[PDB]
Amino acid sequence: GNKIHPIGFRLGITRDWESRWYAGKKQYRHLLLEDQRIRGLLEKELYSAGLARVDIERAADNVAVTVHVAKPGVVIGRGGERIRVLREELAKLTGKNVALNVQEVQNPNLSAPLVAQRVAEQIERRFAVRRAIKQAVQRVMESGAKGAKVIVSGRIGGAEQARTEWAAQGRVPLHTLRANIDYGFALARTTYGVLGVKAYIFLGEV
Amino acid sequence: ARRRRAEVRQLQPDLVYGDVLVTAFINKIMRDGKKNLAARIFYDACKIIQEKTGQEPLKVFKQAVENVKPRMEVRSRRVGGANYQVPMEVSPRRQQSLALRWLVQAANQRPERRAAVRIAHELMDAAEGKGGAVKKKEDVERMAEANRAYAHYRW
Amino acid sequence: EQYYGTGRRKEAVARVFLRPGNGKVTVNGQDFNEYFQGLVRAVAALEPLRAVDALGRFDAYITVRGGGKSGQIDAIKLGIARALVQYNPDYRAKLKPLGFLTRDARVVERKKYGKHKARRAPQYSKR
Amino acid sequence: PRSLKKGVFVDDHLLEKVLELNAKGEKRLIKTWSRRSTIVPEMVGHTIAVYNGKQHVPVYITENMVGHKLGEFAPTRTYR
Amino acid sequence: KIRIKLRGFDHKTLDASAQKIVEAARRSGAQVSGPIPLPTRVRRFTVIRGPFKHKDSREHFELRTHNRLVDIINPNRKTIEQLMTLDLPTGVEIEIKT
Amino acid sequence: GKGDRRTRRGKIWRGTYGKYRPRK
Amino acid sequence: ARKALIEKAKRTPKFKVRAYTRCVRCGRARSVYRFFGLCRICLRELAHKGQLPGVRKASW
RNA sequence: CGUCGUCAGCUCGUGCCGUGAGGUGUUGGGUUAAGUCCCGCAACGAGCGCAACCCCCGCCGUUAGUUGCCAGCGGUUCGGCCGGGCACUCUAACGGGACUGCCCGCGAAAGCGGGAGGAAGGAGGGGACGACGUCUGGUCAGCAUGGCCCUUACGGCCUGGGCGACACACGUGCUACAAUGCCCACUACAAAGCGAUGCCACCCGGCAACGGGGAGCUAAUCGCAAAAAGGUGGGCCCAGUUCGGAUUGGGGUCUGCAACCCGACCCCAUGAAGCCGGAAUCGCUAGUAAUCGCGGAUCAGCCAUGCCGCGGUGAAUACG
Ligand SMILES: [Mg+2]
Ligand SMILES: [Mg+2]
Ligand SMILES: [Mg+2]
Ligand SMILES: [Mg+2]
Ligand SMILES: [Mg+2]
Ligand SMILES: [Mg+2]
Ligand SMILES: [Mg+2]
Ligand SMILES: [Mg+2]
Ligand SMILES: [Mg+2]
Ligand SMILES: [Mg+2]
Ligand SMILES: [Mg+2]
Ligand SMILES: [Mg+2]
Ligand SMILES: [Mg+2]
Ligand SMILES: [Mg+2]
Ligand SMILES: [Mg+2]
Ligand SMILES: [Mg+2]
Ligand SMILES: [Mg+2]
Ligand SMILES: [Mg+2]
Ligand SMILES: [Mg+2]
Ligand SMILES: [Mg+2]
Ligand SMILES: [Mg+2]
Ligand SMILES: [Mg+2]
Ligand SMILES: [Mg+2]
Ligand SMILES: [Mg+2]
Ligand SMILES: [Mg+2]
Ligand SMILES: [Mg+2]
Ligand SMILES: [Mg+2]
Ligand SMILES: [Mg+2]
Ligand SMILES: [Mg+2]
Ligand SMILES: [Mg+2]
Ligand SMILES: [Zn+2]
């Protein structure tokens, strides 16, 4: 058990926070829990949408919430009778009456969180873990990218003895603080246990 | 020192005499990094030599050191059996370190209650050719030579 | 008229002003022997002047804040030597061989975790 | 080297429950869980059954043992 | 004379939010007191890396609060125009005390 | 030493004040 | 950290002393930083993502 | 997450060798902190790791100046206090600078030795960062989770007790055995932090802990705050001591609904072992060790001598 989160490790450089708002030793923790409550439902609901991310900005009872997804349409709803019920949830929790944008993702094959979700999915439908991975890396690596890697945890194939499946292409230099490597995890639940899935995508250096 | 041959540290010259050999001696006296208290001690001990003696302290100091320098010492070694104390010459660098160390060590074993009083009397006895310092120095050379039988083990 | 040179050491800055005249050194107002009341050290801080036979040529107004008197002492060593080179650049050719020009970089090593003091590692039982 | 300040603490459970018994007479024991409360004058004579986490032990309050607390007489542990 | 401290978690979220008040005032008021830094109040957090035992690792976290000054000399009028709602920062706090 | 409450150092080390270490 | 104990949140403590922090994200009762209301473990995790704004990785 | 281990390694693609497991490359010579680089070579390249990119510290410059300063002048209740000024310090944001670039020597090359210039020189100092994998390592008591198991209860509430028991044994530490010291008085130098129902200047009561009163501060402009070791003067005079503060008696403050079990703190008294520690064993190679103090997290308060961090003073030694 070594190596740090490639994100927390790059927050300074090539990677910004999922919440960029100021506060003080009396506010912060509150505006904090809020975001957690936010993504709470968002991730419980917009799963099918393709919940690639949930950014949250602030100013004063104002909150950005630029929820990114691969299939924006699934957010909107019948004409828009959902992104009306979602904006509804906003004040349902915190009566801040804020925005709630939506931004499609330019190729969900470069969105590690998704790339991992995909793989996590397949694993639950009882797919071939190894191929699923061979393929994933391929897609991700296919639609551009300079490198990629995927890692499913243990109990592969329902095995009684946990293992750790690989697969990786191109470059995925982690020790290089400036690679800009998307990272995504996916907790693939299952009938015999849990299977962690991690995805990394290397794109552009300097 | 497995890679390189550690270069001897180069210390500044004595604030007063400008002698590096003295700064050394001071550092040895120093304990808990109180170079002041140290430096002080030494100097007051240099004055106690001005009175109780004739010549300037530096002269005595130099002489004292020069008498405590062992020109031979025994160093243990393992050889099919036990540990055979092998006599070998003592380098110039170590010759000094051992002298200054032994001075302070012998010095602080003295009965006089004042630090400076002890250093001065030891330097004096040392410069004269007596005192625990010179003793050890002789004790070593006694060990050495007296084990010449093993001398053919050199290093 | 006047000459200046900063000078820093082990985290302590010093303002040095060399003005022709006797040699009265006013560190934080007080006289040299005032601020450095019985510290065999001090003296050194004036070694840059003696290095060029001066000393009895300039009076010196000095300020200092940060660290400890010995640190401050060293800083001065730099200042007095720094200002002295400005005053006359031909003085660098003499203070370099003695290195009063260099800024002693030795600082305090950070206190690492796991260890007791940066390097002093905790002891352990029969391993 | 004791301490309290001003307001010698006593739990009302018995403070009143005891000062009432005075208004009448002596009572056959008085079990309580407030081993905190300070033993005050108007107790000398009564027999308070102090608990110890398992037992309700009887304690005959005497003058000499006023300033003390209840627990000091109802020992907690059991030793070798 | 316009005290206006700026405090953000980013040294550009402020250095921008302050670069506005810099020229959007020079173009309607005196040269202004320019933007002034001010020491930053850093907060470290030291947690044991892994859960359960292994108390000799930790890893460090810091949440540094930067500060800005500014101060527009002369409480102008036309300066207060281009400086009324032409902001751009998202993660900043700005107290006004002219 | 640092362990004698009734001393200057005793108060310091034990991070406190009182007679033996008053706040000026 | 059984729900039956995450009940604490309930104001009515009986006495202001009996109150305690507890992670707002896991229920963790020990090492629960105030400024975040999070536990040492939780702090670590979120911080790594980006859910903790301004919060970075200190080095010096 | 720990660990081997920041160790100098682990591999892949294609070609080539072998029936084959595999081999070559990655071996060899030179070199390096390093599979770092150079040369050679049936291999030619690539990936993970090393290095670099990020942070802090050394020097310098610009932008900004309620930090700073008679640098320089005027006034001064002579406090950088008032005016004034961005010079210097500094605060914090950007940029410069070092590349074996240059000089001599050795070398096939890499690079090694030495020199100048330079704040800094050959990875300038310290961080973050820890490969394919190993230990059926650690944690289901952080959380998540397959399975099993209890469901008037293996669930829930409360009061009380326990986690603080002791004939003993070990680990990690603290204070110390003293004169390079202990005590009192006076006096001087720091960095990094923290502060609203909080830091609390200052005044008075109390030996005091602390209390009553109450100014300022959204904190480079107020407070915690005294830095300590140090310097100067004086006391002690070698003694279980003016060393050392255990233990115990007594009085009291403060937090808290409540300090018996089981809080810290102050004051009087008591004043223990301990005279430098057997066999054996631990840390550290430079501002490091040693030594001196300061802040913080958690936190009502606290059993912190612990932990994480900050600066003062500042060594010895390395043949091998
Ligand atoms: Mg230190
Ligand atoms: Mg710990
Ligand atoms: Mg649970
Ligand atoms: Mg509590
Ligand atoms: Mg808690
Ligand atoms: Mg290495
Ligand atoms: Mg091959
Ligand atoms: Mg064969
Ligand atoms: Mg073949
Ligand atoms: Mg092969
Ligand atoms: Mg091999
Ligand atoms: Mg081979
Ligand atoms: Mg090699
Ligand atoms: Mg390489
Ligand atoms: Mg400059
Ligand atoms: Mg060359
Ligand atoms: Mg690295
Ligand atoms: Mg096991
Ligand atoms: Mg389970
Ligand atoms: Mg316990
Ligand atoms: Mg004493
Ligand atoms: Mg009074
Ligand atoms: Mg100010
Ligand atoms: Mg004296
Ligand atoms: Mg006695
Ligand atoms: Mg005594
Ligand atoms: Mg004795
Ligand atoms: Mg506390
Ligand atoms: Mg206790
Ligand atoms: Mg402390
Ligand atoms: Zn938690």
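Residues numbered from 1 in each chain as written, not as in the entry; some residues may be left out. Chains lettered and ligands numbered in written order. Part of a larger assembly, values for the part shown. Heavy atoms only, no water. Residues with missing side-chain atoms left out of burial classes, pairs and counts.

Method-wise, the PDB entry is recorded as coming from X-ray crystallography, at a reported resolution of 2.90 Å.

Where the PDB entry is consulted, chain E appears under the name RIBOSOMAL PROTEIN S10, with the organism given as Thermus thermophilus. Per UniProt, chain E has the following entry under Function: "Involved in the binding of tRNA to the ribosomes (By similarity). Part of the top of the 30S subunit head." (UniProt positions renumbered as here; feature names shortened; annotations may be inferred.)

In the nomenclature of the PDB entry, chain A corresponds to RIBOSOMAL PROTEIN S3 from the organism Thermus thermophilus. Per UniProt, chain A has the following entry under Function: "Binds the lower part of the 30S subunit head. Binds mRNA in the 70S ribosome, positioning it for translation."

Q: How should the arrangement of the chains be read in this particular structure?
A: The least C-alpha distance between chain A and chain D, which are not in contact, is 35 Å. Taking C-alpha atoms as the reference, chain E and chain F come no closer than 24 Å and do not contact one another. (Contact = heavy atoms within 4.5 Å.)

Q: What is the right way to read the packing of aromatic side chains from this model?
A: Where two aromatic rings form a pair, the distance of their centres and the angle of their planes describe that pair. Across all of its chains, the model carries 26 aromatic pairs over all chains by this definition. When the ring of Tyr87 of chain C is compared with that of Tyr91 of chain C, the centres are 5.8 Å apart and the planes differ by 50°; the resulting orientation is tilted. For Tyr87 of chain C, a relative accessible area of 27% translates into the label partly exposed. The interplanar angle of 65° and the centroid separation of 4.8 Å between the aromatic rings of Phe35 of chain G and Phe36 of chain G together place this pair among those described as edge-to-face. Taken individually, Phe35 of chain G and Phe36 of chain G each receive the classification buried, so the pair is uniform in this respect. Of the aromatic side chains, those joined through ring pairs into one cluster are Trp21, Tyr22 and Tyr28 of chain A, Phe9 and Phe45 of chain E together with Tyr33, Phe35 and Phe36 of chain G. For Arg21 of chain F, the ring lying beneath its charged end belongs to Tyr17 of chain F, and the centroid distance is 4.0 Å. (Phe/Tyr/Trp six-rings, centres within 6.5 Å; stacked < 30°, edge-to-face > 60°. Buried < 20%, exposed > 50% of the residue type's maximum accessible area, 1.4 Å probe, protein only. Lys NZ or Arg CZ within 6 Å of the ring centre and 35° of its normal.)

Q: Explanation requested: the environment of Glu160 of chain A in the structure shown.
A: With respect to the helices and strands, the residue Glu160 of chain A is situated in the loop between β5 (147–152) and β6 (168–170). Sequence separation of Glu160 of chain A and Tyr200 of chain A is 40 residues, and the distance between their C-alpha atoms is 27 Å. (Helix = DSSP H or I, 4+ residues; strand = E, 2+ residues; numbered from the N terminus.)

Q: What am I meant to see in the protein's contact with RNA strand H here?
A: Near RNA strand H there are 200 residues, and of these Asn2 of chain A, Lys10 of chain C, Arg2 and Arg77 of chain D together with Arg49 of chain E occur at the shortest range. Among the atoms of RNA strand H close to the protein, meaning within 4 Å, 74% are from sugar or phosphate groups. Within the side chain of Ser97 of chain B, an N or O atom sits 2.7 Å from a phosphate oxygen of RNA strand H. One of the backbone N or O atoms of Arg8 of chain F is found 3.3 Å from a phosphate oxygen in RNA strand H. Split by residue class, the surface near RNA strand H holds 62 nonpolar, 49 polar and 89 charged. (Near = heavy atom within 4 Å. Polar contact = N/O pair within 3.5 Å; in protein donor to acceptor, adjacent residues only side chain to side chain. Nonpolar A, V, L, I, M, F, W, Y, C, P; charged D, E, K, R; others polar.)

Q: What should I look at first to understand the sheet that holds strand β1 (residues 4–5) of chain C in this one?
A: Residue and element names in this part refer to chain C. Across the sheet, which stays open at both edges, the four strands sit in the order β1-β2-β4-β3 with mixed pairing between neighbours. The open sheet terminates on both sides in strands that have one partner only, identified here as β1 and β3 (25–27). Pairing of strand β2 (residues 13–20) with strand β4 (residues 58–65) involves eight bridges; the strand directions are antiparallel. Counted as the bridge partner of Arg15 is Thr63 from β4. (Pairing = 2+ DSSP bridges.)

Q: What should I look at first to understand the nonpolar core in this one?
A: Soluble globular proteins tend to bury their nonpolar side chains together. Of all hydrophobic cores here, the largest spans 39 residues; its most connected members are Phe25, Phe42, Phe61, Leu103, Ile119 and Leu123 of chain B. Counting residues per element, the ones that place at least two in this core are α1 (20–29), α2 (35–52), α3 (57–68), α4 (92–107), α5 (115–128) and α6 (132–143) of chain B. Of all the elements, α2 of chain B adds the most residues to this core, at nine residues. Ignoring anything within four residues of it in the chain, the contact list for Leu123 of chain B reads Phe25, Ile49, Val60, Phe61, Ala64 and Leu103 of chain B. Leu31 of chain A, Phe9 of chain E together with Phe36 and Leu43 of chain G belong to the second largest nonpolar core, which has 38 residues in total. (Core = buried A, V, L, I, M, F, W, Y, C linked by side-chain atoms within 4.5 Å.)

Q: Would you mind showing me how to read the interface of chain A and chain G here?
A: It is common to give the size of an interface as the accessible area lost on bringing the parts into contact. Between chain A and chain G, the contact holds 20 residues from the first and 17 residues from the second. Between chain A and chain G, a total of about 1,600 Å² is buried, with carbon and sulfur atoms accounting for 64% of that surface. Looking at the side of chain A facing chain G, the largest losses of area belong to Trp17, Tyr28 and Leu32 of chain A, adding up to 34% of the total buried there. The tally of links between chain A and chain G comes to six residue pairs in polar contact. The set of elements that each furnish at least two residues to the side of chain A that touches chain G consists of β1 (19–20) and α1 (28–45) of chain A. Tallying contributions element by element places α1 of chain A first for the side of chain A that touches chain G, with six residues. Considered class by class, the residues forming the side of chain A that touches chain G number ten nonpolar, five polar and five charged. (Buried area = accessible area lost by both parts, 1.4 Å probe.)

Q: Got a minute to help me understand empty space enclosed by the protein in this structure?
A: Summary: where empty space remains is shown by rolling a probe the size of a single water molecule over the atoms. Residues and elements named next belong to chain D. Considering only enclosed or pocket space, the largest cavity measures out at about 30 Å³ in volume. As for the largest cavity, its lining consists of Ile39, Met43, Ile48, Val59, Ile61 and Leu70. For the lining of the largest cavity, the residue count by class is six nonpolar, no polar and no charged. (1 Å grid on protein atoms, 1.4 Å probe; cavity = no way out; pocket = protein on both sides within 12 Å on 5 of 7 lines; lining within 4 Å. Points joined across faces, edges and corners; volume = space filled by probe spheres on them.)

Q: It is not clear to me how the sheet that holds strand β3 (residues 56–60) of chain D should be interpreted in this structure. Could you clarify?
A: The strands making up a sheet are joined through hydrogen bonds of the backbone, oriented either antiparallel or parallel. Residues and elements named next belong to chain D. In spatial order, the strands read β1-β2-β3; together these three strands make up an open sheet with mixed pairing. Single-partner strands in this sheet number two, and they are β1 (30–32) and β3. If you compare each strand with its neighbour and ignore which way they point, the axes differ by 30° on average. Where strand β2 (residues 47–51) lies against β3, five bridges are found, and the strand directions are antiparallel. Within β3, the position partnered with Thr47 by the bridge is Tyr60. Running over the sheet, helix α1 (residues 12–24) touches β1 and β2 and is turned about 175° from β1. (Axes fitted to C-alpha atoms, helices over the stretch in contact; angles between N-to-C directions.)

Q: What am I meant to see in the packing of α1 of chain B against α2 of chain B here?
A: Relative orientation and spacing of two packed helices are given, respectively, by the angle between their axes and the distance between those axes. All names here are of chain B. Two elements in contact, α1 and α2, have axes separated by 8 Å at closest approach and are oriented at 115°. Seen along the crossing, α1 lies across α2 with a hand that is right-handed. Contacts between α1 and α2 involve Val22, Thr23, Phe25, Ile26, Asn27 and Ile29 on the former and, on the latter, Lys35, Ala38, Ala39, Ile41, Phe42 and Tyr43. Across the contact of α1 with α2, the residue classes break down as nine nonpolar, two polar and one charged. (Left-handed = near helix turned anticlockwise from the far one by under 90°.)

Q: In this structure, what is going on with α1 of chain A? I would like to understand it.
A: Residues spaced three or four apart along an α-helix face the same direction, because each turn holds 3.6 residues. Residue and element names in this part refer to chain A. Over its 18 residues, α1 extends 26 Å from the first C-alpha to the last, a length consistent with the 26 Å expected when each residue adds 1.5 Å. Those residues of α1 that fall on the buried side of the exposure criterion are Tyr28, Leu31, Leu32, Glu34, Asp35, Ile38, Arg39 and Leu42. Buried positions in α1, seen along its axis, are confined to an arc of 155° and lie on one side of it. Summarising the geometry of α1, the exposed residues directed more than 90 degrees from the buried face are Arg37 and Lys44. Lining the buried residues of α1 we find β1, β2 (56–57) and α3 (86–93). (Expected span 1.5 Å × (residues − 1). Arc of directions from axis to C-beta.)

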